[PDB]
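K.L.:
Would you mind keeping the following structure in view while I ask a few things?
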Amino acid sequence: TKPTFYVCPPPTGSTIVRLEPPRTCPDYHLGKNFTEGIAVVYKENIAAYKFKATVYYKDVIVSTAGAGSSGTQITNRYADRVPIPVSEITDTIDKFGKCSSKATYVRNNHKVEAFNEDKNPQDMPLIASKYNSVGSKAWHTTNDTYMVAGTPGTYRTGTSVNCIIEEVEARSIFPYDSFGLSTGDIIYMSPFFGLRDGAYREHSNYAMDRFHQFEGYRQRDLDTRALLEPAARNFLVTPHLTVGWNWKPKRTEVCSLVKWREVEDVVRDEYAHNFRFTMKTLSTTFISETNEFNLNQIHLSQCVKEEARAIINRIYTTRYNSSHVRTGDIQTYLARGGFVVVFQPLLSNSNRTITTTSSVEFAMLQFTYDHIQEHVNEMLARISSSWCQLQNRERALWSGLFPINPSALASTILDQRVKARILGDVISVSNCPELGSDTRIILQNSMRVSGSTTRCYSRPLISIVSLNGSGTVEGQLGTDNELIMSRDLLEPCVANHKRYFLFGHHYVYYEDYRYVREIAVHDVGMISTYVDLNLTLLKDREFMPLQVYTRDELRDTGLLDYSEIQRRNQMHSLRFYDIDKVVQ
Amino acid sequence: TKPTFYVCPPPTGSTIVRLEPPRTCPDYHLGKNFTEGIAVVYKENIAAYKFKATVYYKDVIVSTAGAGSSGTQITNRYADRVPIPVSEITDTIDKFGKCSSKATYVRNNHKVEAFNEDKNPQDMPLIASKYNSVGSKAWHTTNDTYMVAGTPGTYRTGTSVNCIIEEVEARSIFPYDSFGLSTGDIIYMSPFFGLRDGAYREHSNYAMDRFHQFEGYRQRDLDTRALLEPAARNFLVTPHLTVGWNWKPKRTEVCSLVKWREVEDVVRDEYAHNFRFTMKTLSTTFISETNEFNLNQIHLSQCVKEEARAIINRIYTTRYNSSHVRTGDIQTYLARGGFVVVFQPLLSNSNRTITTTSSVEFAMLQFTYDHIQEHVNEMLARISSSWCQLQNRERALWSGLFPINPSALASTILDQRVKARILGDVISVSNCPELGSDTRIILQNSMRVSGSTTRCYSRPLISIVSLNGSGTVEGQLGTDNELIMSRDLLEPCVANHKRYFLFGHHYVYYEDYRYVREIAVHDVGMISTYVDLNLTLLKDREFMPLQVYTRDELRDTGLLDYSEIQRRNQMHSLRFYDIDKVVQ
Amino acid sequence: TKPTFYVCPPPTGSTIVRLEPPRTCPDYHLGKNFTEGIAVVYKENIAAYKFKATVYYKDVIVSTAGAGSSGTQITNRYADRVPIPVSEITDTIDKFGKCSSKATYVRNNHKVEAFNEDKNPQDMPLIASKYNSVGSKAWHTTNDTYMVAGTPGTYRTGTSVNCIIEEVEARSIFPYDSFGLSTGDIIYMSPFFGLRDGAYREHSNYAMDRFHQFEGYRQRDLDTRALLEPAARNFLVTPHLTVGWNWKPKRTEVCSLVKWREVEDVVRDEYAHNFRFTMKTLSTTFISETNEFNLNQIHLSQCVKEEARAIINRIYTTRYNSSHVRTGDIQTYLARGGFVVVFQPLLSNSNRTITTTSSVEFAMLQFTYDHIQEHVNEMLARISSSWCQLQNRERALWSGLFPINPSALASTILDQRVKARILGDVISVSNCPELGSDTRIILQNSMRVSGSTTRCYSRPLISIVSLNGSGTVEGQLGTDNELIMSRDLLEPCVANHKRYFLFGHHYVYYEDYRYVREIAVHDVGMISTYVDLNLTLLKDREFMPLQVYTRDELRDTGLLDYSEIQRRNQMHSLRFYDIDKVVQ
Ligand SMILES: *[C@@H]1O[C@H](CO)[C@@H](O[C@@H]2O[C@H](CO)[C@@H](O[C@@H]3O[C@H](CO[C@H]4O[C@H](CO[C@H]5O[C@H](CO)[C@@H](O)[C@H](O)[C@@H]5O)[C@@H](O)[C@H](O[C@H]5O[C@H](CO)[C@@H](O)[C@H](O)[C@@H]5O)[C@@H]4O)[C@@H](O)[C@H](O[C@H]4O[C@H](CO)[C@@H](O)[C@H](O)[C@@H]4O)[C@@H]3O)[C@H](O)[C@H]2NC(C)=O)[C@H](O)[C@H]1NC(C)=O
Ligand SMILES: *[C@@H]1O[C@H](CO)[C@@H](O[C@@H]2O[C@H](CO)[C@@H](O[C@@H]3O[C@H](CO[C@H]4O[C@H](CO[C@H]5O[C@H](CO)[C@@H](O)[C@H](O)[C@@H]5O)[C@@H](O)[C@H](O[C@H]5O[C@H](CO)[C@@H](O)[C@H](O)[C@@H]5O)[C@@H]4O)[C@@H](O)[C@H](O[C@H]4O[C@H](CO)[C@@H](O)[C@H](O)[C@@H]4O)[C@@H]3O)[C@H](O)[C@H]2NC(C)=O)[C@H](O)[C@H]1NC(C)=O
Ligand SMILES: *[C@@H]1O[C@H](CO)[C@@H](O[C@@H]2O[C@H](CO)[C@@H](O[C@@H]3O[C@H](CO[C@H]4O[C@H](CO[C@H]5O[C@H](CO)[C@@H](O)[C@H](O)[C@@H]5O)[C@@H](O)[C@H](O[C@H]5O[C@H](CO)[C@@H](O)[C@H](O)[C@@H]5O)[C@@H]4O)[C@@H](O)[C@H](O[C@H]4O[C@H](CO)[C@@H](O)[C@H](O)[C@@H]4O)[C@@H]3O)[C@H](O)[C@H]2NC(C)=O)[C@H](O)[C@H]1NC(C)=O
Ligand SMILES: *[C@@H]1O[C@H](CO)[C@@H](O)[C@H](O)[C@H]1NC(C)=O
Ligand SMILES: *[C@@H]1O[C@H](CO)[C@@H](O)[C@H](O)[C@H]1NC(C)=O
Ligand SMILES: *[C@@H]1O[C@H](CO)[C@@H](O)[C@H](O)[C@H]1NC(C)=O
């Protein structure tokens with residue numbers, strides 16, 4: 001309980017002030033030039049090129065067995081896969097669905113031969129393998145591996161020739177100098193090698209006499225026994241097999257870029273000296289330079305422009321035909337992360353390769369930040385602008401009310417207890433020091449004027465007693481604990497006089513110009529001019545490196561791992577034999 | 001320096017206005033119906049099924065050597081892996097820890113045999129390989145590869161049989177029609193094939209006589225020489241090895257879904273016609289349809305419901321037992337990205353497969369945007385609501401103060417210099433045009449009234465001189481550079497008269513009703529009614545496609561790459577020989 | 001159209017209130033202690049160690065051919081790769097660029113030999129393979145595979161020995177106990193095995209006599225025929241090849257951590273009991289414990305401290321030399337996600353392994369949330385602070401204007417129609433009930449006072465008629481539809497009297513103290529004290545699990561898949577033969 005009182009000497013012209021004129025209201029130069037449009041986004045093509053081929057070979061197996069007392073012992077099993085010559089394929093397999101039981105091939109630089117069962121050659125019917133199914137089909141001529149034992153003491157040799165044709169899956173990866181077959185065999189020729197249309201400049205590691213190409217060739221369907229439709233067919237004979245595949249030109253088969261997403265609602269704007277492609281349907285934003293990117297700098301990029309045009313046309317005439325018009329030709333941009341943006345601008349009526357990143361998350365982040373930034377910026381700019389207009393409006397209240405109570409308004413603006421006077425169009429102020437220690441303040445009981453019955457004091461009389469005996473002042477209780485050094489606040493005595501005057505931390509209650517009681521300030525109910533506004537803060541948050549699958553998991557999805565099998569199995573000599581022991 | 005003055009004709013009833021009544025305060029219908037709960041989130045299981053098996057085989061190696069003058073030359077080395085028959089495994093390996101030095105097998109459709117060292121069969125002790133360690137263990141019967149040279153001019157043949165048993169790791173991937181062994185061998189039978197409990201309908205590519213199953217079988221621990229515990233054991237004999245493994249039913253061994261995260265604090269709400277699962281402990285939000293998802297549409301999904309229940313029970317009775325209650329049975333939902341949400345609703349006291357995406361980042365983005373949106377929306381709604389209440393409160397000030405200075409308040413509201421009068425409950429206004437060119441304004445020195453000593457002008461006298469000679473008006477200086485066309489602002493002459501009046505861009509200072517000096521407006525200190533508010537904007541930001549490991553890096557972690565080894569090594573014939581040369 | 005009127009009994013002292021004093025303005029204790037700095041961030045090294053090696057072997061191929069009537073048949077082709085002994089490499093290959101046409105090796109625990117063309121040994125020149133190119137180079141001694149047929153009825157055997165040297169790529173993965181060669185061969189020795197500097201404690205599975213190390217060894221460049229520069233060279237002879245490589249110590253060759261990013265602008269602060277490393281140039285934030293992390297707990301982490309120092313020095317003296325100073329030695333922290341932060345604090349003038357996560361997105365999220373949080377928090381705190389100051393300033397208007405119209409101000413604050421009086425420093429209020437049903441209100445035409453010509457009513461006379469006959473009151477029309485129960489609002493009659501008084505939902509127009517017409521409130525133009533503020537909300541947004549490449553795509557980039565090749569090709573016996581058929 002510490003009551004502070006004030007004393008207010010009259011204002012000399014020592015300190016004159018004026019009310020600050022209205023402020024110029026802020027301007028945030030938001031609003032950007034944009035352009036609506038359609039986009040097709042492309043990514044680096046990382047997928048192998050896939051096609052169908054057929055392998056033609058013979059399993060040749062030569063076995064030497066010795067018969068003994070106990071039984072038969074195999075002394076040698078020489079197994080070899082040999083290519084079926086093109087002549088056999090064209091004149092026997094594809095005409096009759098048969099294959100010779102004699103293998104005719106070269107090995108160790110010699111023309112050599114082998115006869116199934118060591119009998120005279122017959123053209124054997126090609127029969128579907130029992131595991132044939134939709135997917136992988138194959139045909140063969142025997143189920144047997146001919147070998148002959150004979151009578152004890154002797155070594156006999158027998159030959160097995162099994163003529164085999166498999167349909168296989170072929171794969172090739174950029175730059176397409178070779179292809180791999182699902183038998184494990186690698187073919188060191190481009191899948192696009194041929195004799196027409198410059199295709200003879202494709203890569204190959206084989207002498208030309210191993211390669212054959214037949215226009216309008218007709219392959220036999222071994223199951224239906226019928227001829228399939230004519231197509232240019234390649235045959236290449238390698239030392240272990242012949243491969244056959246239907247030739248297609250490279251131009252129509254591979255592309256280094258592939259469609260990632262076609263995008264109907266796109267807005268492009270100039271943003272930090274770049275182009276920004278905001279795609280609200282993907283919650284994704286891509287950023288390129290303002291310069292178009294020339295796709296001709298990229299190997300095999302021909303598919304993109306044409307395919308993009310067709311897509312964009314489909315878009316335009318389906319959802320934009322009435323509403324917008326195209327304002328130029330298509331444009332192409334290289335976005336951050338290695339994405340190719342193919343952009344068609346609209347208007348409403350009113351030699352490298354590209355490496356594409358593995359995640360578009362950064363571009364979703366980019367979108368999410370931009371969206372939030374744009375929205376809170378626009379809202380902050382409105383608050384800011386409205387606040388300014390509000391202060392400027394309210395100045396008129398301050399200015400209009402100032403003559404009614406200059407001291408009270410000035411004291412609030414200056415955050416300081418002052419006395420103020422109006423001097424024409426200007427305010428004159430003076431400081432009201434706090435009443436000091438060693439002073440006592442006595443409240444007088446009567447607000448009546450001595451010797452009058454019609455004239456009263458409008459506020460209580462007080463005497464200010466110096467406790468050290470300097471003197472006593474006869475003043476009155478002003479407002480807000482101000483003490484006035486005179487008694488010139490007077491009024492006509494009213495009937496039914498009831499007043500509460502603030503006195504320190506109490507209200508002091510008078511009736512009929514006489515003191516009645518002291519009341520605690522806290523005993524008087526409050527009403528509030530304060531409009532509540534309760535703003536709280538965004539709290540701290542820690543994001544964890546959440547993963548769906550670890551790197552270990554993602555490498556643990558396959559049947560076998562090559563390196564693991566090799567590590568374990570090349571030990572075999574070391575684990576089960578002594579490689580260091582030498583018999584003398 | 002350009003001073004503008006105004007002239008204000010009295011308001012006719014031509015333009016009467018009223019003060020806009022209080023506005024209805026905005027309502028943002030925020031607040032959503034939610035439901036607390038517990039969740040277990042599942043993901044597509046991509047991991048191979050892993051189990052232990054044992055392989056039983058014999059290395060058979062037949063060598064033919066010729067002795068010469070110089071030394072010995074190996075002419076042939078025929079090597080073959082042969083299966084150990086089940087009878088040998090059950091009656092010799094598992095009873096005695098021994099294996100016959102004679103291999104008895106079929107090859108080329110013939111029963112054939114081989115004798116270690118070409119001697120009579122003995123049951124050889126199985127001995128641990130020197131590389132045995134925790135991890136991979138194996139046993140064998142010899143360290144030698146028997147071969148015999150003999151005397152020059154002759155060819156001798158010798159046989160090595162080394163009986164080998166390895167513990168191996170087995171792997172199988174969905175749909176579990178086969179399994180791969182760490183020897184590289186593929187077994188074309190389900191690991192779950194057996195004779196009991198429908199297991200005989202599992203896939204197999206082998207004739208039944210190759211398969212054996214023994215209930216309560218007891219395998220011998222070759223190292224401790226003791227019998228291990230009884231279990232149903234499979235044996236399958238293939239042409240190169242016999243495999244043994246302990247059979248377990250499929251139901252208990254594999255599941256197509258696997259636990260990703262159990263989640264204690266979950267809130268579900270209806271959000272854009274969907275269910276939203278906000279998980280503040282993961283900073284992650286998942287979104288499904290409101291319809292439950294029936295797990296029975298998914299192959300091998302039985303593990304999920306039971307495991308989830310047990311987990312959820314653990315959660316409930318450990319941290320929620322006192323505080324909440326379960327308000328139903330468990331529910332299951334399919335969330336965006338291929339996550340299965342198993343959700344238990346709470347209340348406080350008061351045939352396909354599923355493909356799961358590789359990243360949950362989108363769901364963390366989803367969380368982060370939602371959290372930010374919810375918070376700034378709620379705060380914007382409070383600002384907006386408080387602002388409205390504030391304008392409505394302040395209207396009372398405008399209305400109450402209006403009779404004191406109608407012109408000044410109206411001029412600020414209309415942003416236009418007007419003169420206003422109160423006509424009862426209505427405001428009457430008129431426009432105050434700017435004083436034009438070709439006019440000069442002379443300030444009179446004296447504010448005293450001619451012929452009086454008790455009566456004065458309350459503001460300075462001015463004469464308005466038309467510079468073209470139209471006439472002179474005798475008026476006075478009003479407020480804010482208004483010029484009044486009369487001289488009826490009068491007051492009793494006070495003592496100590498000091499006034500500053502605004503006159504163009506100067507204050508004009510009078511004392512005792514006489515002009516004293518001109519003072520520049522900028523020479524008078526300001527006090528401000530403007531409460532400062534300094535809001536700045538979120539700045540532009542560019543996010544880069546940051547990667548930890550590129551695709552190249554992630555494929556560069558293994559010892560060998562299969563395709564690379566093949567590309568390089570199938571060239572071998574081409575690189576070091578001439579395959580095209582034919583000797584005649 | 002429902003007009004409500006009020007009646008206001010005079011306020012007794014029953015309800016006295018006071019104006020709430022100014023509120024203490026909120027304090028948000030924002031502002032954090034930070035420290036500027038430089039960082040180098042490290043990640044788990046997952047890349048294989050790569051080096052160059054050379055393999056030395058001989059292809060030995062023994063062929064037996066039988067001549068017949070028809071032609072030649074190959075009966076056996078025994079092929080073997082044999083190691084070239086170190087003596088041959090040091091004394092013949094590296095001195096003369098030649099290799100013996102005789103292979104001398106061990107197999108089946110016997111010293112054995114082979115002669116190219118079965119002729120006497122010659123030292124054959126090593127010749128570059130025709131496929132030699134920048135990348136992979138190799139040399140050999142013959143292009144032929146010698147074999148001999150002879151005359152019919154006979155079997156002849158011939159031997160081919162082709163001496164081969166290839167440059168290969170070598171790979172090793174942690175913990176570096178072995179290495180893989182690009183021929184497919186695994187070498188079961190550390191690439192860092194040697195005889196110096198403790199290197200003899202590295203792993204090896206080979207007897208020591210297979211290993212050789214030569215200090216200052218000089219390898220021959222087979223193409224230039226010149227000796228290369230001296231270096232410590234290892235040779236290891238395995239049963240199929242000899243490997244040669246230039247030895248380097250492990251310390252300088254491998255590290256378990258690798259630089260991810262050097263970072264110039266870094267700010268560290270204490271945040272949720274942790275250290276926060278905000279990196280505005282990466283839009284990425286990392287979080288560690290406040291405790292430094294001791295790198296000595298990690299295998300092979302020596303490269304980090306030294307390399308980091310050098311990098312940081314480069315940074316400091318290039319961009320910070322004048323502006324800041326280093327305030328300590330370098331510090332190292334383990335951040336969430338498995339990143340190692342190497343941090344150098346600045347001041348302006350004024351045994352495990354670490355697993356690093358695959359994505360830094362969470363740390364970009366962390367940055368983006370922090371940045372947004374910091375900015376809207378700081379702005380909310382300013383709004384909140386300015387709002388409070390504004391209410392406190394405006395209280396002075398409420399307080400100063402209160403004596404002019406206590407009822408109107410109190411009615412707005414209390415949101416209730418009250419009558420208020422000032423009783424000294426306190427407000428006395430009373431409720432003004434709505435005028436009830438069954439009452440009719442008649443407006444009197446004349447505001448003139450009967451019997452006077454100089455005295456008038458200041459507002460219209462009204463009579464309040466009880467429709468049930470309780471009586472009539474003669475009062476007047478107060479403000480805002482208040483009805484006053486007396487007629488004591490009087491004024492001197494003015495000239496040109498024109499007033500509009502609100503009466504229900506009409507204004508009622510008087511001239512010269514006489515009624516003239518009724519005017520609809522909506523016919524009187526409004527001016528507004530309401531400053532507009534239009535805030536809208538962030539809208540709902542759904543983020544989709546966007547992927548650039550699916551898991552399928554990322555596994556579809558290679559030429560061949562090992563598991564696929566094996567699955568398909570180990571069927572071969574089953575698909576094209578009958579393995580179950582036994583010939584008797
Ligand atoms: C090497 O020897 C093998 C045998 O060891 C031999 O394999 C046969 O290969 C032929 C193709 O050349 C297969 O014929 C196909 O059979 C398909 C249906 O197979 C299922 O049903 C069989 C029921 O009997 C069929 O055949 C018999 C006569 O044998 C006949 O009476 C019936 O009407 C019926 O047609 C059944 O035997 C078979 O069982 C095998 O597969 C199961 C899989 O679970 C396995 O577990 C068994 O152990 C067994 O191996 C199976 O259940 C049939 O759909 C298919 O038809 C296609 O082609 C025809 C044209 O002919 C089209 O009309 C039709 O639309 C289809 O496209 C085809 O006919 C035959 O099944 C094999 N035999 C065996 C025992 O499996 C090889 O030919 C020999 N090779 C050489 C070089 O000689
Ligand atoms: C084919 O020939 C090979 C040899 O060329 C032969 O290999 C032996 O295989 C047996 C198992 O059959 C191995 O025995 C194991 O040895 C473990 C400890 O090995 C370390 O210590 C050895 C020290 O000598 C041991 O043995 C000698 C007698 O030889 C004895 O005096 C000692 O007390 C001691 O027991 C040491 O030789 C060995 O060195 C090899 O490995 C190092 C690795 O750095 C390599 O660099 C060397 O070049 C060398 O190859 C190594 O340092 C032992 O812990 C283990 O015990 C397990 O089983 C027993 C039961 O017997 C349990 O009681 C125990 O808890 C363990 O589970 C086991 O005894 C032996 O080491 C091999 N010998 C060699 C030279 O390595 C094969 O058996 C032959 N195979 C056939 C078919 O004949
Ligand atoms: C096994 O037999 C094969 C042949 O079947 C034989 O292969 C030769 O290997 C030698 C190296 O030992 C190769 O020599 C190299 O040739 C490089 C240029 O090759 C291109 O140009 C050739 C044009 O003729 C060259 O040689 C002739 C004489 O033959 C000469 O007149 C010319 O001036 C010219 O030098 C051309 O033959 C060759 O064609 C092959 O490759 C194409 C690729 O498209 C393929 O399609 C063909 O079918 C054919 O296989 C090719 O176009 C040359 O740059 C290189 O030079 C390097 O080394 C020298 C040092 O000698 C440096 O000075 C120089 O800076 C380079 O570093 C090198 O001279 C030769 O090309 C092979 N021959 C053939 C036919 O390809 C093996 O040697 C035999 N091995 C054994 C053990 O005997
Ligand atoms: C008492 O105090 C007053 C002011 O507080 C001072 O002016 C005066 O000198 C003091 N009187 C005595 C007697 O000390
Ligand atoms: C001078 O100007 C006044 C108004 O500015 C105009 O009314 C008057 O016609 C002018 N007088 C002459 C003589 O042109
Ligand atoms: C008429 O109404 C008044 C107040 O509305 C009530 O006091 C009075 O009793 C009523 N008079 C009659 C006759 O019912």
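By convention here, the chains of the structure tokens are called A, B, ... in the order presented, each chain's residues are numbered starting at 1, and ligands are numbered starting at 1 in the order presented.
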How close does chain A get to ligand 4? List, as CSV, each residue of chain A within 9 Å, its nearest atom pair and the distance in Å to one decimal, counting only C-alpha atoms and all ligand atoms.

P.N.:
```
residue,atom,partner,partner_atom_place_in_ligand_line,distance
A:436,CA,ligand 4,5 (O),6.7
A:437,CA,ligand 4,5 (O),7.1
A:438,CA,ligand 4,5 (O),6.5
A:439,CA,ligand 4,5 (O),7.4
A:466,CA,ligand 4,1 (C),6.4
A:467,CA,ligand 4,1 (C),7.3
A:468,CA,ligand 4,1 (C),4.9
A:469,CA,ligand 4,13 (C),6.1
A:470,CA,ligand 4,11 (N),5.0
A:471,CA,ligand 4,1 (C),8.7
```

K.L.:
As an MDAnalysis selection string, could you give me every residue of chain A near chain B (at most 7 Å apart, counting only C-alpha atoms)?

P.N.:
chainID A and resid 16:20 71:77 109:110 145:147 186 337 362 366 373 377 380 384 391 393 395:396 400 413 423:426 531:533 535 543 547:549 553 556:560 562:563 565 569 575:578

K.L.:
When you look at residue B:232 with a cut-off of 12 Å (counting only C-alpha atoms), what residues show up, excluding the ones that are within fewer than 6 positions of it in the same chain? I need them as a list in words.

P.N.:
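After dropping sequence-adjacent residues, the list is residues 192, 193, 194, 195, 196, 212, 213, 214, 215, 216, 217, 218, 219, 244, 245, 246, 247, 248 and 249 of chain B.
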
K.L.:
Work out how far apart atom CA of residue A:5 and atom CA of residue A:446 are and give it in Å to one decimal.

P.N.:
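Going from atom CA of residue A:5 over to atom CA of residue A:446, I get 21.2 Å.
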
K.L.:
Tell me, in Å to one decimal, how far atom CA of residue C:333 is from atom CA of residue C:293.

P.N.:
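A separation of 4.9 Å between them.
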